[PDB]
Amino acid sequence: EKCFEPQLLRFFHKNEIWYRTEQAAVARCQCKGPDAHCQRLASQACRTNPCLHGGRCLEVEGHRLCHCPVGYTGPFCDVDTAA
């Protein structure tokens, strides 16, 4: 059985690992199937914020992530959705 990550709109296979953002923190999750085991990680703010529409930039393990506001999603919150 697979795990669904709604923030990415994608399923993950067992043991697969991905990132899931909160407003002020990043969580890394592993699929156990169908439930994911997550661990909240301490994240620093990116020096440069490439996120659009008020996206919060969270940097962890090198690369940057965008926690998008409602009505926006994608790698840089450049997709209009639920607003």
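All residue numbers are counted from 1 along the displayed sequence.
Engineer: Between 57 to 65 and 15 to 23, point out the one with the higher average CA B-factor as the PDB entry records it.
Structural biologist: Looking at the recorded C-alpha B-factors, 57 to 65 comes out higher on average.
Engineer: Once you work out the mean C-alpha B-factor for both 73 to 81 and 1 to 9 from the entry, which is higher?
Structural biologist: Looking at the recorded C-alpha B-factors, 73 to 81 comes out higher on average.
Engineer: Ranked by Cα temperature factor within the chain, is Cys38 in the lowest third, the middle third or the highest third?
Structural biologist: CA B-factor rank for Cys38: highest third.
Engineer: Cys46: which third of its chain by C-alpha temperature factor?
Structural biologist: Its C-alpha B-factor belongs to the highest third of this chain's values.
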